[PDB]
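Colleague: Chains as they are written, first to last, in my numbering: chain A, 891 to 1025; chain B, 109 to 226; chain C, -9 to 136; chain D, -5 to 67; chain E, 115 to 211; chain F, 106 to 157; chain G, 137 to 322; chain H, 9 to 141.
Beta carbons are placed, not taken as given, at the ideal position from N, Cα and C, and that holds for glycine.
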Amino acid sequence: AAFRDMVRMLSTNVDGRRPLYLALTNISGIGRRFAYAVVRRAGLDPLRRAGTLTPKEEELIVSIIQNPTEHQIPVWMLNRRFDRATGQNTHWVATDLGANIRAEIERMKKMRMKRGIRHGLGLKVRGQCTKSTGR
Amino acid sequence: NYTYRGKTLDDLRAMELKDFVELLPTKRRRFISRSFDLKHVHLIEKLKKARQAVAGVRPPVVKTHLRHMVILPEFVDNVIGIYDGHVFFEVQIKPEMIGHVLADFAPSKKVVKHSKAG
Amino acid sequence: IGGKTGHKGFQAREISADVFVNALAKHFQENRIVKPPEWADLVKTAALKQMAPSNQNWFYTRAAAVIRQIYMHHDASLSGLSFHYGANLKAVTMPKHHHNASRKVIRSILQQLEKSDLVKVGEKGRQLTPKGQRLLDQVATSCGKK
Amino acid sequence: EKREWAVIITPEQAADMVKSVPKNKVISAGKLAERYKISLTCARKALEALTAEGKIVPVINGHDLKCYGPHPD
Amino acid sequence: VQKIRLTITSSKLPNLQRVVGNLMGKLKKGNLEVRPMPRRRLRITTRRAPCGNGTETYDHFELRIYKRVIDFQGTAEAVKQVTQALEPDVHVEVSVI
Amino acid sequence: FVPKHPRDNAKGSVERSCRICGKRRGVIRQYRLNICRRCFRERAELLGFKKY
Amino acid sequence: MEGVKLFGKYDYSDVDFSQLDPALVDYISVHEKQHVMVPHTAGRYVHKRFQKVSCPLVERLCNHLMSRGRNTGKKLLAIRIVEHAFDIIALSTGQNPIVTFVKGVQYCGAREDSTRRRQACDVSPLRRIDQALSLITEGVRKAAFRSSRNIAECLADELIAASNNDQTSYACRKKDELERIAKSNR
Amino acid sequence: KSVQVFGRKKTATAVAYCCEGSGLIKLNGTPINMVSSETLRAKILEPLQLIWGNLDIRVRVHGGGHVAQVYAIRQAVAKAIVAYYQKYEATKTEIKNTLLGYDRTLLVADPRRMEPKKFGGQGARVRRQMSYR
RNA sequence: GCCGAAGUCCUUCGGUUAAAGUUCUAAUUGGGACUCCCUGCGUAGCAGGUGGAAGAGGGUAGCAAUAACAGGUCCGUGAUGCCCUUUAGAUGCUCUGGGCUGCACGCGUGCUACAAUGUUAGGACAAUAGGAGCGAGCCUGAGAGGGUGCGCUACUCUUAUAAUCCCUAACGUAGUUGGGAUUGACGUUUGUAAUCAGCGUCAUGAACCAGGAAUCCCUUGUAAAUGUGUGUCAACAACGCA
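Written out as structure tokens, the structure is:
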């Protein structure tokens, strides 16, 4: 056991003994598709275990997910893109998402939009029936 | 602190409807391309007139049936009587309610409140 | 017993399909025929697919397969190829349906092949040229010896 | 229960697998993960390491399952 | 001379087989040289009860379409005479090729 | 008269009614029949449809 | 019709049915007609009662190992698994598979059973080799479900111990419960 | 010398076509080694293992799926060998006996076809599921 | 048999109003199976067997007596008796908008799963329908989509190289590359309208480790799995009929 599991990076603690692009999925905001796009563009091997990744290599992967548009990415494959407030396409990650999505729910309640009500009441929003299902 | 697409309140008012609709959601610029004319034009005529007459108090209500109009910066801070199929429900417009469907703020149904047994 | 031909040497029909198509994939990576596109590399083969391909050199093994499948059906359209390389749609709660492949990935190849003259266009779909079906029976006698 | 094996092959256990694996007449990845307490992803890649060097031929090359033997010269 | 096709269509087979006999019969008299297409079942499957009551039972209504094609070389003089059968629920499209 | 709501591609267009029925509850559009089913099955043998 | 051998590997020359025992062998279906190159066949075996005897025995296993609800049909899958048993059987022990197979089909299916007090009836030889193949294959999938191990192996683990009469086996454990229940009720 | 006969399972139909030649048997445009399975390789050759060095057979197919398309070819090979010896009789009756000893499907074929779907149910004979009470 | 392309001495493709046909394809007229045949059992018939494409109503459907249920339908009808409505501030008809989709909860039919007999990635055969709407081929875009509109009044042209299965890899018994609900945003099509429609994209990554007492369907090309058409339809199938 020269290597380390339980590796802390980007405010989460992603797993080791778990092959890289699945390991980066433990972060909120990088998922299975975008994780492959980082590693492919990292660019190394998806299969290699997050056991290893020697810190000079790891410092690359954090620079990619923070600066995606910059690092040779199409932008269609981004978490936010064209945000109304900033009017700019950059994609959210880590502990931000759980706090920053909450604002986009909170602002609906202040407006009294139809969505903002059904978040507050704890019901289904998108136009599902709730006669029988959801109890 | 308010921006729409990294653009403040008055420069959205300055740039007019034609360039504005380049940066609505692509659900919504379909409604501007197809089926904008006549019914819609009267609205922003009438929401100009109630806005002009005011200057502390907020203006008189501009009643309207049609629920499926985009909210634009041009009519911010008007009052609108929006029909629920029942009553013209009245909403003073905020900056955060830009670029949305006008129906959303007239909810057609009651919340519920469940009682009792049966 | 086993099937036996005439004609001594090997042809594109004869040798097995899993083997032949990968030998013809290698025969583009050495020669610089086809090339990779540069825009692509992250794209799903088809919208229905849930992830990118594993192989990273996947572009060529597709580009081999289409030339193999122009050979076996003589004509090959784009919309005919798109229907072929699709599959069932796996995720959603409903029952599963056949959706099509991407067009652009397949179009990119069939233009890149007509640079090095391996497939002419014609009436109906595209049909491979005298240069083209020669290149298959090069590789048939490469893997026929093996 | 939570019967967790392990993702790492150690330098000690490699010296064991040279001795006792080629003694077995037919053995798969499945039966390594019984004895040496390891993941099958490693136990597949251990056998394909041994066959490239010397000893250990695949008895069956079939897709899905694989099962390795001795090396009769 | 503009080798002409008949195309004979029907609902019912006995009513068809009269017309085929006549239009084959008349090419014996005129002496014009004489050269079955696959039949369709137009299945419409209505629920037979009017209301929603009762066990869901379904009548099947096949309309059948028998279709034959005679054709021959013929000089416009001879063909006017042959065309003129007149049966219930039979059709005869004439087609020049 | 002349009802002003468009009804181009719509369930209560005047083409879409049972021709005999004058009502649209359960319409058979296939083969351009445009006939209501209860209306159909009274008078299906006249049209040349049959049970087999 | 000179070699005549299963999967193009094994032969039926062996298997000494006379040698195996008295009775039981008859409904075994390994007698010449039964031998075939591949156990796959166009069956017409469910038409009239005893026609199940005249089919090959190795096929009859591949049908049992077709469950449940996902593996229904897909016989062409099952005859890979039974192949990849019969490699593991042959190349481990060095016996050929068909001899050690039919010994498994002998000793699984219990003599006697509780006919619904409850009374202990005897069995037909037909119903023995039926409830051989069930209680083998039941144990295989019950073991193989969730187990990180290929079912071809988990067949071969079951199938060796059925021949040697061990209480490792899900077959030969479950008979000694069922046979003792018949002895108790009686 | 040439004979042209068919096999048929389920809704496969495979025609074969004997000539004189030098022991070539050819599915579609290719030798019947190449079916890519290892089960269904050995299934098509069951006719030939029992019993053609004169003959040259040329087989074409449509219909069915993967399995029933093979079972047509076993009919079409075996019947075309038997139909060759019948035309071109002593030896035909005894080589045909070797097939009918093995299995009846190599000459006869089977007439079973799928039962039509009936209303009130998802298939032919199944019905949906009752409630009561 | 001709003329092509490769192979490069005889193998495989594509084309052909060009000579002979009918094994596949299409559909009309007839033939065919009757317990006739043999052996057992009890004349009526029954059980097994040979042959036979098929053997016991050849398989599956369709049609289906008399006698009734105050079962259903006046929301199918220019089928209809009576009652009231026509006081037009109509229970006639029609326009804008909203409902039938509202949710502490209880039941019915279904769908997708709980994985390794698997999923992921790459590679390698159907039938029945429908279509003056289907929509060929070729360009454009990651994708959905978009533009141009060849053939077909259809065994000719078109929806249309189906999916389990098969063969090479990856994974490794974990609520895990199992599972894909619920939510945020962007990219679009159909439409007078998307506010409760469908499709795409990237993120979010839930309950579920095979289900108590109970209950349902099924005997052979049947069950179960596995897709494809069609009905409704501008758009939308987890449903019905095939």
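Please identify the residue among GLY245(G), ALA292(G), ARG277(G) whose C-alpha is closest to the C-alpha of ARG309(G).
Modeller: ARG309(G) has its Cα closest to that of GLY245(G), out of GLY245(G), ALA292(G), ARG277(G).
Colleague: Identify the contact partners of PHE196(B) in chain A, using a Cβ-Cβ distance below 8 Å as the criterion.
Modeller: By Cβ distance, chain A contributes nothing, its closest Cβ being about 16 Å from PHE196(B), past 8 Å.
Colleague: Does the beta carbon of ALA42(C) sit closer than 9 Å to a beta carbon anywhere in chain A?
Modeller: Judged by the 9 Å Cβ criterion, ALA42(C) is in contact with chain A.
Colleague: Using a Cβ-Cβ cut-off of 7 Å (strictly less than) and excluding sequence neighbours within five positions of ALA318(G), which residues of its own chain qualify?
Modeller: If we look at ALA318(G) and ignore the five residues flanking it on each side, its Cβ neighbours are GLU248, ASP249, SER250, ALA256.
Colleague: What are the boundary residues of the alpha helix (DSSP H) that includes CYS123(F)?
Modeller: Here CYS123(F) belongs to no alpha helix (DSSP H), and DSSP marks it neither H nor E.
Colleague: Sorted by chain position, which residues of the same chain lie with C-beta nearer than 8 Å to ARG277(G)'s C-beta, five sequence neighbours on each side aside?
Modeller: Excluding residues within five positions, the ones whose Cβ falls inside 8 Å are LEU201, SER203, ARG204, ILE287.
Colleague: Could you spell out the range, first to last residue, of the beta strand (DSSP E) harbouring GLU28(H)?
Modeller: Unbroken beta strand (DSSP E) run through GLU28(H): 20 to 28.
Colleague: Give me the chain H residues within the contact set of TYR180(E), using Cβ-Cβ distance strictly less than 9 Å, ordered along the chain.
Modeller: Near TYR180(E) there are no residues of chain H at all, since even the closest Cβ is about 23 Å away, more than 9 Å.
Colleague: Chain G partners of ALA27(D), CB-CB under 8 Å?
Modeller: Residues of chain G passing the Cβ test: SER284.
Colleague: At a CB-CB cut-off below 9 Å, which residues of chain G make contact with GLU54(H)?
Modeller: In chain order: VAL172, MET173, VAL174.
Colleague: Once DSSP output is grouped into helix, strand and coil, what is the label at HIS148(B)?
Modeller: The answer is helix: DSSP assigns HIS148(B) an H, G or I state.
Colleague: Could you tell me whether any Cβ in chain A is nearer than 9 Å to the Cβ of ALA0(D)?
Modeller: Answer yes: the Cβ-Cβ gap between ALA0(D) and chain A drops below 9 Å somewhere.
Colleague: Sort out for me which residues DSSP pairs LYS34(H) with in a bridge.
Modeller: Paired residues: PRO39(H), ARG66(H).
Colleague: Expressed to the nearest angstrom, what Euclidean distance is found between the alpha-carbon atoms of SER1022(A) and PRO124(H)?
Modeller: Spanning the two alpha carbons is a distance of roughly 36 Å.
Colleague: Listed from N- to C-terminal order along the chain, which residues in the stretch 930 to 945 of chain A have their beta-carbon within a distance smaller than 8 Å of any beta-carbon of chain C?
Modeller: The stretch 930 to 945 of chain A vs chain C, Cβ under 8 Å: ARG930, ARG931.
Colleague: What residues of chain D sit near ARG907(A), judged by a beta carbon separation below 9 Å?
Modeller: In chain order: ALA0, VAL1, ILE2, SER33.
Colleague: If you compare alpha carbons, which of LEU108(H), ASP111(H), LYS18(H) is closest to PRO119(H)?
Modeller: Out of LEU108(H), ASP111(H), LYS18(H), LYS18(H) has the C-alpha closest to the C-alpha of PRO119(H).
Colleague: Taking 9 Å as the cut-off, decide whether the C-beta atoms of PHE186(E) and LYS143(E) are in contact.
Modeller: Going by C-beta atoms, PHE186(E) is not nearer than 9 Å to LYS143(E).
Colleague: Using 10 angstroms around the beta-carbon of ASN186(B), count the other beta-carbons present and answer buried if the total reaches 16, otherwise exposed.
Modeller: When all chains shown are included, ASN186(B) counts as buried.
Colleague: Based on Cα-Cα distance, which residue from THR38(H), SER10(H), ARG112(H) lies nearest to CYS191(G)?
Modeller: Nearest option by C-alpha distance: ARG112(H).
Colleague: Reducing DSSP to helix, strand and coil, say where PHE281(G) ends up.
Modeller: Residue state, collapsed to three classes: coil.
Colleague: Going by beta carbon distance, what residues of the same chain come within less than 6 Å of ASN139(F), once the five residues before and after it are set aside?
Modeller: So the qualifying residues of the chain are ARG124.
Colleague: If we count Cβ pairs, one from each stretch, closer than 8 Å, do we get three or more for the stretch 11 to 22 of chain D versus the stretch 48 to 56 of chain D?
Modeller: The stretch 11 to 22 of chain D is in contact with the stretch 48 to 56 of chain D.
Colleague: Kindly provide the ranges of any alpha helix (DSSP H) runs that are 4 or more residues long and lie completely inside the stretch 11 to 62 of chain D, ordered along the chain.
Modeller: Runs of the alpha helix (DSSP H) inside the stretch 11 to 62 of chain D: 23 to 29, 34 to 47.
Colleague: Verify the CB distance criterion: does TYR79(H) have a CB-CB separation below 9 Å to chain G?
Modeller: Yes, contact with chain G.
Colleague: Within its chain, find whatever has a CB closer than 7 Å to the CB of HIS205(E); leave out the 5 residues flanking it on each side and keep chain order.
Modeller: Excluding sequence neighbours, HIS205(E) sits near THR123.
Colleague: In whole angstroms, what separates the C-alpha of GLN1018(A) from that of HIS176(B)?
Modeller: Spanning the two alpha carbons is a distance of roughly 21 Å.
Colleague: Can you tell me the Cβ-Cβ gap for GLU947(A) and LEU934(A), rounded? I've got them flagged as a contact below 8 Å.
Modeller: At roughly 7 Å, the Cβ-Cβ gap stays under 8 Å, so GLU947(A) and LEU934(A) are in contact.
Colleague: Assign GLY275(G) to buried or exposed, taking buried as 16 or more other Cβ atoms, counted over all protein chains shown, within 10 Å of its Cβ.
Modeller: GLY275(G) comes out buried.
Colleague: Hey, is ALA225(B)'s beta-carbon within less than 9 Å of any beta-carbon in chain A?
Modeller: So, not an interface residue.
Colleague: Is it the case that the Cβ atoms of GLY73(H) and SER30(H) are separated by a distance below 9 Å?
Modeller: Against a cut-off of 9 Å, the Cβ pair of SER30(H) and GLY73(H) comes out as no contact.
Colleague: State yes or no: is the beta carbon of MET123(B) nearer than 9 Å to at least one beta carbon in chain A?
Modeller: By this cut-off, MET123(B) is not an interface position.
Colleague: In terms of DSSP beta bridges, what is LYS171(B) paired with?
Modeller: According to DSSP, which records beta bridges pairwise, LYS171(B) is partnered with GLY189(B).
Colleague: Using the C-alpha atoms, what's the distance from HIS220(G) back to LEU291(G)?
Modeller: About 9 Å.
Colleague: Residues in the stretch 950 to 983 of chain A with C-beta within 9 Å of chain B's C-beta atoms, listed in sequence order?
Modeller: Taking 9 Å as the Cβ-Cβ cut-off against chain B, the residues of the stretch 950 to 983 of chain A that qualify are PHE972, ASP973, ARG974, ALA975, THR976, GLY977, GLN978.
Colleague: Check whether the stretch 93 to 101 of chain H touches the stretch 33 to 51 of chain H, counting contact only when three or more Cβ pairs, one atom from each stretch, lie closer than 8 Å.
Modeller: Contact fails: fewer than three Cβ-Cβ distances are below 8 Å.
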